[PDB]
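In structure tokens, one chain follows: the form deposited in one PDB entry.
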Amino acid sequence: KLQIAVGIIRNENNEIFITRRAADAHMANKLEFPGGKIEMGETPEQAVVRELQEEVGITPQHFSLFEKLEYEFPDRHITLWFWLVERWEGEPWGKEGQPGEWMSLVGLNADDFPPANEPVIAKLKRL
């Protein structure tokens, strides 16, 4: 059972900053919204801020919870907190050496992301 906070970073051109997971990680090689595990003593709002600062070097500001869902993977159960981030300080980049780039929302392919993201990718194509 893991609680994961991730940020959907959208610019004014309806593009999202997406990174790719390592070949040796769970959901290897999949595209993803930057994020990570919510630690003990930390709230989901604080988690997404810390995770984005760590992973892509930006500080999320005035964000909202776009979606919260639970997904059962073959060996783990995770609760995902998808935060819509439209304002932030900094310029997103591959701060941890991971691949990262802007992707048009209309071009996103749910099959490229973990299956847990399916409903979120779909909903995004409408916001």
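Residues that one form lacks are left out of the comparison. Heads up, when I say rigid core I mean the largest set of C-alphas that superpose within 1.5 Å between the two forms. For every residue, the number given is its place in the sequence shown, counted from 1.
The form deposited in another entry exists for this protein as well; it is not shown, and the discussion that follows is about that form.
| said: Which residue of 78, 84, 58, 47 is the mover here, meaning its C-alpha shifts by 2 Å or more between this form and the one not shown once both are aligned on the rigid core? | reply: Looking at each option in turn, only one qualifies, and it is 78.
| message | If the C-alpha spacing of residue 55 and residue 74 moves by 3 Å or more in the other entry, is that a move closer or farther apart? | response | They are farther apart; the C-alpha distance rises by 3 Å or more in the other entry.
| query | With the two forms aligned on the rigid core, where do runs of 3 or more residues move by 2 angstroms or more at the CA atoms between this form and the one not shown? | reply | CA shift run, sole hit: 70 to 78.
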